[PDB]
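In structure tokens, one chain follows: the form deposited without its partner chain.
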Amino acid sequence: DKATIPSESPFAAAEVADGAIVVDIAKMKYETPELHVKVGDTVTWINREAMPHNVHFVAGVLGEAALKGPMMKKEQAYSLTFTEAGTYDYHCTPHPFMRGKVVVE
């Protein structure tokens, strides 16, 4: 796959790793909708609002299968470690008007 998943479960915002590249989610938006990172970086989304959100990459984007991330409650977080350069678009499953991308370069 083009990204690995350190934790299939969401985890607490306080449990975010040093060195992770954080994208906050608030006001029904990914606060960094176009994030540029390097191969090997871990991106961590942190939900800062009451409304639950996830990240969802359709099949073929991060690998053969779709990656439908777990729903994050407020102050929960979720990581992906990107292993291959490319452009990886995602959306929020319940809120598909929320769109973002990670550009690994």
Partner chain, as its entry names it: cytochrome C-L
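Residue numbers count along the first chain shown, from 1. Shifts are known only where both forms have a C-alpha. For the two forms, the rigid core is made up of the largest set of C-alpha atoms that agree within 1.5 Å on superposition.
Beyond the structure shown, there is the form deposited with its partner chain bound, which is absent from this document and is the topic of what follows.
Trainee: Can you tell me if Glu64 lies within 4.5 angstroms of its partner chain in the entry with it bound, counting non-hydrogen atoms only?
Mentor: Output for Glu64 is no: heavy atoms all beyond 4.5 Å of its partner chain.
Trainee: Considering only heavy atoms, tell me if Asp41 and its partner chain come within 4.5 Å of each other in the entry with it bound.
Mentor: Judged by the heavy-atom cut-off of 4.5 Å, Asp41 is well away from its partner chain in the entry with it bound.
Trainee: Just checking whether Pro33 would be counted as a contact of its partner chain in the entry with it bound - the rule being heavy atoms within 4.5 angstroms.
Mentor: Flag for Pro33 set to yes.
Trainee: Could you tell me whether the Cα atom of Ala12 shifts by at least 2 Å between this form and the one not shown after core superposition?
Mentor: It does not reach a 2 Å shift.
Trainee: If you overlay the rigid core, what runs of at least 3 residues show Cα shifts of 2 angstroms or more between this form and the one not shown?
Mentor: Moving region between this form and the one not shown: 17 to 20, nothing else.
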